[PDB]
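Report on the structure given below.
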Amino acid sequence: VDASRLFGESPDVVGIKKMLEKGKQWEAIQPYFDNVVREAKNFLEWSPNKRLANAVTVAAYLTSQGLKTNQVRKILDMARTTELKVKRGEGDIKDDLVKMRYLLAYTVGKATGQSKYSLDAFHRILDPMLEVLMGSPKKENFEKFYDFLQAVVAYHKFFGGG
Amino acid sequence: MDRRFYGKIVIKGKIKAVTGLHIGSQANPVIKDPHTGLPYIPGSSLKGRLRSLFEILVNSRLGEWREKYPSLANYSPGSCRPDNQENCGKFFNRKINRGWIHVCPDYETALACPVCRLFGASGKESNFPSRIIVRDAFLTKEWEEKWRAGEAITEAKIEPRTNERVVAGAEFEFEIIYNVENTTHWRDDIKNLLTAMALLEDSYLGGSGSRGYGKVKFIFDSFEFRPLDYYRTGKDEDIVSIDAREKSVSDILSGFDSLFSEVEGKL
Amino acid sequence: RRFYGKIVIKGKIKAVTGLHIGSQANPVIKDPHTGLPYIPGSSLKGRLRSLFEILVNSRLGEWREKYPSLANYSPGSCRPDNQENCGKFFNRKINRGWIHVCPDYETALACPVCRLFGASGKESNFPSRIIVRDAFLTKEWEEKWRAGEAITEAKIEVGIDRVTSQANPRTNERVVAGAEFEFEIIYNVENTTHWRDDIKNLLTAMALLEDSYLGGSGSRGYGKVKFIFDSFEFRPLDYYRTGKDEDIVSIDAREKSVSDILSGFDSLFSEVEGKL
Amino acid sequence: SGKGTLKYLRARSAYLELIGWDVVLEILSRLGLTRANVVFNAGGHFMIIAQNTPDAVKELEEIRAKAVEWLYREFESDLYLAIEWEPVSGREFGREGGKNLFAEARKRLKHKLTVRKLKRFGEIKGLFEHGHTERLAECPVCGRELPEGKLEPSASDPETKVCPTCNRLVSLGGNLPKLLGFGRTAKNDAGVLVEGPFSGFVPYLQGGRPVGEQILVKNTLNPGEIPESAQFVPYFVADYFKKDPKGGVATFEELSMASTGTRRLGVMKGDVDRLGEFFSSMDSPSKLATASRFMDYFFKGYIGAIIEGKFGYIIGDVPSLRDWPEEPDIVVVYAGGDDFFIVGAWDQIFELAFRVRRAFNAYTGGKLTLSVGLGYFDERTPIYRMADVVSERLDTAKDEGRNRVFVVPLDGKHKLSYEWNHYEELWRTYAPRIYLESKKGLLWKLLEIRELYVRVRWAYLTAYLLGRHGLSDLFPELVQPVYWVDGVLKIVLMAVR
Amino acid sequence: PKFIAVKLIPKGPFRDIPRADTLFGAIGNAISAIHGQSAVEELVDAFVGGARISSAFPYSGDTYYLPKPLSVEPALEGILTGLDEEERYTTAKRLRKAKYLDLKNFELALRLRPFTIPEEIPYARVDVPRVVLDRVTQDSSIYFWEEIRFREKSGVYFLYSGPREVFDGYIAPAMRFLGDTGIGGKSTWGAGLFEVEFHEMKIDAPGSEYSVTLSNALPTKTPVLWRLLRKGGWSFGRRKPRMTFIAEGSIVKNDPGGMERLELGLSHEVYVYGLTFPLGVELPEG
RNA sequence: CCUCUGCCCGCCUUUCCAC
RNA sequence: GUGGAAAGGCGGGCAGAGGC
Ligand SMILES: [Zn+2]
Ligand SMILES: [Zn+2]
Ligand SMILES: [Zn+2]
């Protein structure tokens with residue numbers, strides 16, 4: 023089951039839900056994607072379903088950990104208000120992306136205790152993509168993260184989180 | 001039989017959410042505009058709570074008004090939860106799925122009901138159309154600017181669960197239009213309308229409310245009459261009864277027919 | 003039949019609050044190919060005709076000289092006496108509802124209502140003089156539908172027992188508030204004596220609709236439509252005969268229906284008054 | 251139109267029969283032949299074996315003349331009768347050498363007919379003469395021009411004027427409970443309701459003596475109470491109607507007010523796939539007469555056995571919203587030799603369309619398949635709109651692959671109609687798990712999650732939705760199977776209000 | 002030959018596809034409006050002597066559709082002798098229920114050569130609910146109206162062969178009045194409206210004795226292979242009598258059609274268009 | 001984030017055609 | 001000399017009741 027049923031695109035999206043609800048099998052199989060996503064520093068380097076396939080592996084890498092929702096929401100309810108200003112409102116959201124990276128730095132500095140490797144799983148994968156929005160437009164090269172924004176949120180409920 | 005038209009008394013003004021304001025939908038979000046992402050009071054939700062409070066007011070007074078408004082000889086104060094009849098001598102005579110409501114069954118019974126002539130009736134065969142229309146009330150202009158500049162318009166309130185609420189102090193624009201269809205009884209229908217608004221300033225609006233999510237408070241800007249002559253000619257020749265620093269508990273108070281002397285001047 | 007010219011009015015219908023014109036989880040009507048909503052022409056013509064018959068019904072006394080055959084009706088519905096063409100104003104029983112439709116071509120030439128919207132009766136009938144086209148979305152709002160935004164919403168409304176506070180909710184679909192439309196109304200100048208009246212009456216009834224509602228619930232907030240004109244062009248009989256772009260254009264990009272009904276009626280239509 | 255009730259439609263189908271049996275029983279009588287010559291007579295299309303004399307062909311050309319002139323005064327070119335005949339030899343009644351001479355001589359006759367249904371009324375000699383008849387009123391129910399008024403007041407509402415031949419088909423359509431057949435006799439005689447091209451037909455009711463030279467008896471091979479001088483014509487008809495508590499046939503309303511769930515009028519219309527290529531390997535006239543009765547008997551007599559629910563051994567387990575009742579509410583309008591048009595409740599016309607395919611598959615050896623259209627309609631929908639939909643919706647479920655049930663993306667790689675085993679395997683799985700107490704938001708949003716897929724954003728959206736309740740066992744492969764779940768959801772939603 | 006393909010780009014629904022007696026009825030009501038009674042009669046005399054218009058057929062984005070000739074209905078088996086007996090049943094029925102054909106396939110069907118049929122029909126017929134409301138109490142009396150709703154880039158067009166001084170004199174003016182007045186019923190809900198374009202269409206044909214028609218003829222002699230049309234419309238609020246017309250694709254033999262005139266008790270008289278629109282066609286032996 | 005509710009009631013074509 | 005002419009899919013209905 024360890025790196026055998028789980029494959030690239032859509033092999034074990036339905037069978038890995040019972041294994042995550045295990046300890047040593049997911050500690051080494053899901054560690055390769057969390058490093059390849061770190062090596063995926065270019066966000067829009069995947070026009071196919073590679074993001075949605077990697078979204079299952081990252082949410083499985085967030086399944087055994089905590090991932091409290093009250094720290095999740097404010098980072099992502101700010102990501103909508105950037106999008107709500109895309110709709111003929113603004114064209115430069117440069118002043119808010121500094122505050123967007125500050126809320127994730129404030130999040131990993133507040134959750135102390137048994138939630139270290141949880142929020143550092145959160146701190147690992149997104150910072151290759153959270154540098155990309157500064158020197159890039161919004162009509163491309165942000166929206167593709169806005170799909171992968173909720174892609175990891177949803178399967179994390181499906182493997183038994185919340 | 002005999003629907004006429006004489007004008008449209010237009011009540012504008014601004015709703016003040018004194019406490020936080022929660023009108024939900026389906036982590037428990039208040040309804041927002043899908044376009045601008047901003048909350049609003051629906052006119053469906055405001056016309057109901059203006060009718061919820063006024064029917065209960067009429068529910069306690071069915072004896073002493075059947076000489077002023079006839080066809081209240083049909084009703085005795087009660088409901089029809091005790092026995093499944095759509096129409097018996099009880100005031101709440103509409104099945105309306107599992108919860109009863111007062112709806113007169115006909116045009117000419119509802120022509121003399123003080124409730125169903127104002128908020129509108131429904132019936133098999135003949136039915137009676139509403140006379141007030143209540144637009145959906147959005148945020149004002151100056152609270153757009155607070156949303157443009159990062160001031161909070163919403164907040165999550167952990168109750180272990182979160183009831184989101186429109187943050188207190190926020191203001192909405194509400195427009196109420198009354199259709200003058202008969203000159204003999206317009207005074208009552210403007211008095212019975214503001215009676216229903218005085219009850220809303222003591223009750224609440226939307227959400228839990230018994231935990232303090234209400235305290236809605238009206239701030240009037242303009243009454244306008246708009247006679248039939250205004251529609252034929254575009255000139256702004258309509259009556260403007262300003263009550264800009266008045267309260268709903270002062271307009272309907274003695275101070276009413278001093279404000280409404282110029283609606284007489286057109287009849 | 004003495005055709006002279008056609009007056010075309012083009013403007014944008016705008017939904018300030020969420021429009022809902024149903025079909026029978037409660038769908039607004041939609042194009043069967045694009046799937047985008049639209050406003051019909053049956054539903055916009057008949058809401059103007061409705062609001063204007065209620066307008067004439069109140070004025071069956073003042074208008075007896077400017078409009079002949081209005082002295083044959085007393086204001087009301089002929090519903091009480093199940094006979095058509097009695098002495099009341101609403102005198103044709105279509106199925107169960109009583110509408111003013113004049114009985115005869117020589118009376119409908121003299122009614123303010125049936126001259127503009129037309130009438131049907133034995134011994135011939137009067138064809139309408141207007142053509143209310145269907146009002147599709149503008150291209151700015153196709154290209155928000157192409158862009159992936161929403162264009163309709165699903166609103167949830169509940170009814171509540173007033174004693175027990177039992178809730179039994181239902182959901183209406185309605186078009187998102189803000190949606191701009193595009194209308195076109197083509198008057199037919201069959202007589203040259205009354206063309207100003209029929210245009211002032213068509214703008215009277217459009218001013219009633221800006222304080223009434225178009226379609227759906229409206230008493231609960233679903234109407235609030237706003238008319239925004241662009242341009243009125245009168246096509247002369249000779250223009251069709253030759254196809255040369257030689258027609259009067261009254262240009263008003265930003266005007267209301269009250270700023271055009273009397274403010275510019277003789278200042279903008281003065282060139283239409285000239286050519287007849 | 252919407253003015254004709256179901257008892258009228260059920261009497262239109264039973265009057266096209268008598269037009270068909272009037273023509274055949276005038277060929278048999280003026281040629282001296284017997285009803286052993288009628289090889290088949292099945293839904294308008296009948297074949298007769300006769301002799302080749304210059305006296306027989308002289309009589310057929312009067313029958314083809316008088317039948318078409320009848321079918322034109324009565325029905326202004328809505329219905330035409332094409333009759334042709336091929337002089338065959340004796341050696342063409344069977345296989346010779348290696349080539350089938352019988353099917354070769356019967357495709358020479360199918361072409362005479364093909365070339366005749368093009369030329370539709372070429373024996374009138376005033377077909378294109380625009381003689382101007384005056385004062386033409388027009389029937390409401392069917393649409394017929396009628397000259398100079400002369401329209402009888404309708405027995406339903408005497409404020410409306412129908413044509414005379416619909417006051418017959420109301421009275422006939424009212425007698426259909428009692429009617430044990432028809433006596434066929436001279437056109438000017440007592441009791442004749444309807445007229446065919448040649449004869450006039452009395453209704454032989456139940457308590458009543460039969461009159462007529464020839465007595466057609468519906469659905470029995472027993473000449474029970476017929477005079478010993480008459481001629482016995484047995485003929486079979488598929489006739490299951492649900493009754494009302496009156497003595498009568500149940501209404502479009504009264505059927506659909508007994509469907510469990512939402513109240514709809516279910517309309518099914520279907521016919522046997524590729525039938526004409528089955529009858530071309532039949533190489534002798536004893537072998538075609540065999541293959542033509544057995545297909546006719548299925549649709550006449552082994553369909554009323556199915557609506558009874560008999561022999562669910564050979565049917566088995568089918569998609570059933572409720573267990574099949576004892577007295578179903580299904581009206582069999584028209585049941586032809588190779589096709590049928592049945593209406594009823596939406597609930598039980600759904601189970602019947604799998605209780606028919608499953609029994610036909612065993613009635614053959616499997617080597618002939620069906621194709622069904624299915625319809626869901628409001629009760630007060632007119633017929634011409636309803637049937638034109640379902641005939642197209644049967645044609646939709648045919649030109650794809652011709653073995654496909656219709657039940658309820664602009665590329666060209668999809669197709670609307672479920673195949674038979676496909677829908678019966680989707681129903682074995684997805685339906686016994688969800689048939699979640701009043702959790703319809705789980706179900707109705709999932710159809711709207713589905714309708715983004717037509718427009723893989725849907726996968727995680729279903730994943731949170733199945734998760735934010737806790738429904739993981741339900742629909743594991745739903746997180759293309761999102762395309763083929765629209766059949767099972769949209770039906771079971773209608774079974775619960 | 003080389004015809005004039007008048008496109009009608011719709012601005013709404015239509016009521017039905019216009020047949021060639023409702024196109025000439027509309028032109029006769031346009032030319033009576035912008036010119037008068039003394040020019041309607043010079044209009045009819047140019048169709049009696051000369052020119053021919055057809056029915057209208059759908060287009061969809063540079064593919065023009067034309068009705069299938071009934072000439073290919075018998076020969077179809079002998080058409081398809083390069084197929085096996087599993088699809089010579091299933092090509093044979095779709096090529097017989099087919100109603101329209103491309104401009105490329107129609108030129109093949111006249112030659113008795115194999116063809117394919119259109120995968121997709123450019124319009125839909127739908128029923129839209131309409132409700133009559135009482136002015137006093139808003140009582141609803143719902144009725145159903147059926148109209149033709151077109152696709153994005155589809156529309157309808159008719160053809161015209163004749164002299165050019167008729168076209169600019171009576172047809173191109175009338176098809177600009179009809180663009181703003183509409184064709185068919187319910188033109189006050191915006192139905193039969195359209196813009197208008199003009200093109201040059203060429204259709205190849207064989208040369209033979211027999212000819213398809215692309216209009217509802219009212220033939221003097223019996224044609225070769227026909228298909229009845231039993232319609233009669235309306236005219237200034239009087240009901241026309243019904244007339245046996247022949248549907249497009251019917252093969253005639255050297256038949257000029259004919260206009261029938263009627264009286265109907267109007268101040269003028271009514272000419273029902275029934276002239277044929279010949280295209281030569283190659284038949285089998287009957 | 002938990003507990004009941006998750007659309008009712010209607011009209012469903014009317015009327016015109018000059019012998 | 002248009003299968004036409006006239007004909008608002010609407011009337012009524014608080015997403016709420018308890019839960020720091
Ligand atoms: Zn009341
Ligand atoms: Zn009038
Ligand atoms: Zn009839």
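For the protein sequence lines, the chains are B, D, C, A and E, in the order given. Numbers 23 to 43, 45 to 185, taken from PDB author numbering, label the letters of the first sequence in order. Numbers 1 to 26, 36 to 168, 180 to 287, taken from PDB author numbering, label the letters of the second sequence in order. Numbers 3 to 26, 36 to 287, taken from PDB author numbering, label the letters of the third sequence in order. Numbers 251 to 658, 663 to 689, 699 to 718, 723 to 746, 759 to 776, taken from PDB author numbering, label the letters of the fourth sequence in order. In this text, residue positions in the fifth sequence follow PDB author numbering: the first is 2, and each later residue adds one. Positions of the beta carbon are idealized from the N, C-alpha and C atoms, including for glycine.
In summary, the residues of the segment 260 to 277 of chain E whose CB is separated from some CB of chain A by less than 8 Å are 261 and 263, in the order they occur in the chain. For the 8 Å CB-CB criterion, residue 6 of chain E and residue 158 of chain E form a contact. Straight-line measurement puts the Cα of residue 254 of chain D at about 28 Å from the Cα of residue 127 of chain D.
In summary, the residues of the segment 42 to 56 of chain D whose CB is separated from some CB of chain B by less than 9 Å are 44, 45 and 46, in the order they occur in the chain. For the segment 246 to 271 of chain C, the residues whose beta carbon sits under 9 Å from a beta carbon of chain D are, in order, 267, 268, 269, 270 and 271.
For residue 82 of chain D, the Cβ stays outside the 7 Å cut-off from all heavy atoms of ligand 1. For residue 107 of chain B, the nearest beta carbon of chain D is closer than 8 Å to its own beta carbon.
A heavy atom of ligand 2 is found nearer than 7 Å to the CB of residue 119 of chain C. Not one heavy atom of ligand 1 is found less than 7 Å from the C-beta of residue 216 of chain D. In the structure shown, residue 281 of chain E adopts extended strand secondary structure according to DSSP, grouped into three states.
Contact between the segment 222 to 238 of chain E and the segment 31 to 48 of chain E is absent: fewer than 3 CB-CB pairs across the two stretches fall below 8 Å. Secondary structure of residue 48 of chain B (DSSP, three-state): helix.
Per DSSP, the beta bridge partners of residue 184 of chain D are D/165. At a beta-carbon threshold of 8 Å, the residues of chain D lying near residue 137 of chain E are 1, 2, 3 and 116, ordered along the chain. Per DSSP, residue 676 of chain A is one residue of the alpha helix (DSSP H) stretching across 674 to 684. Around the Cβ of residue 244 of chain E, a 10 Å sphere holds 16 or more other Cβ atoms; the residue is buried.
Within chain D, the residues 42 and 44 have their CB atoms less than 7 Å from the CB of residue 188 of chain C, given in chain order. The beta carbon of residue 74 of chain E sits closer than 8 Å to some beta carbon of chain A.
Judged by beta-carbon spacing, residue 12 of chain D lies within the 8 Å limit of residue 242 of chain D, meaning their Cβ atoms are closer than that value. The C-alpha of residue 487 of chain A is placed about 44 Å away from the C-alpha of residue 134 of chain D. For the pair residue 163 of chain D and residue 82 of chain B, the Cα-to-Cα distance works out to about 29 Å. Not flagged as an interface residue toward chain C: residue 228 of chain E, since no C-beta distance is shorter than 8 Å. Contact check between the segment 141 to 154 of chain D and the segment 220 to 235 of chain D: fewer than three CB pairs, one atom from each, fall below 8 Å, which does not count as touching. The beta carbon of residue 46 of chain E is closer than 8 Å to none in its chain, skipping five residues each way along the sequence. Closer than 7 Å at the C-beta level to chain A, one finds these residues of the segment 83 to 110 of chain E: 90 and 95. Per DSSP, residue 388 of chain A is one residue of the beta strand (DSSP E) stretching across 386 to 388. Taking a C-beta distance under 8 Å as the contact criterion, residue 183 of chain E and residue 192 of chain E qualify as a contact pair.
Taking C-alpha positions only, residue 423 of chain A is separated from residue 374 of chain A by approximately 32 Å. For residue 146 of chain C, the shortest separation between its Cβ and any heavy atom of ligand 2 does not lie below 7 Å. Residues of the segment 616 to 636 of chain A that bring their beta carbon within less than 9 Å of a beta carbon in chain E comprise 631, 632 and 635, in sequence order. Where residue 414 of chain A is concerned, the enclosing alpha helix (DSSP H) starts and stops at 414 to 424.
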